[PDB]
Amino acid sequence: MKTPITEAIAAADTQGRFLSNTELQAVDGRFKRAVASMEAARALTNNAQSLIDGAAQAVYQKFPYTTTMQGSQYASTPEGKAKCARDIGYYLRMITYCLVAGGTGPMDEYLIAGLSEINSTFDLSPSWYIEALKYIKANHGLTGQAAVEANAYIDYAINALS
């Protein structure tokens, strides 16, 4: 998995050398940043239930039909409303994972890879998920570098969906 640290170790390793100073300097760099992105992560973790729920409704609002429409891909049914709640949950969880690791690695590996293919195969429109993301981006309730770090991982996600 791709983090700042593994990226460094990877460079050294593919050149068969011990770690360089610049590599060490990079990890220090990462440690300096870890502070803020970690308090963002646990922030997001603590009022996630808020954020998820909030997010769903907000999508539902923006795209009314999802409440009503013949379709397993639609949150018309209550089964689907679950699925969607779950999907949103998954998205939030990932931005925290990114904050924790200090890069997109976990989202790249657990969500972005195969995202096209899955959205396509299952009639899941990206707009649904991009709205949910903008919503969370608004109300995470973060200020400071912590918000910077969070909104960064979010925008990354929004891109992938477009």
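A residue's number is simply how far along the shown sequence it sits, counting from 1.
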{"query": "Of 92-100 and 52-60, the one with larger mean CA B-factor", "finding": "52-60"}
{"query": "Mean C-alpha temperature factor, higher of 65-73 and 114-122", "finding": "65-73"}
{"query": "Record-listed C-alpha B factor of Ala152: chain third", "finding": "middle"}
{"query": "Assigned third (lowest, middle, highest) for the C-alpha B factor of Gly16", "finding": "lowest"}
{"query": "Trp128 - which third its CA temperature factor falls in, relative to the rest of the chain", "finding": "highest"}
{"query": "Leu161 by Cα B-factor - lowest, middle or highest third of the modelled chain", "finding": "highest"}
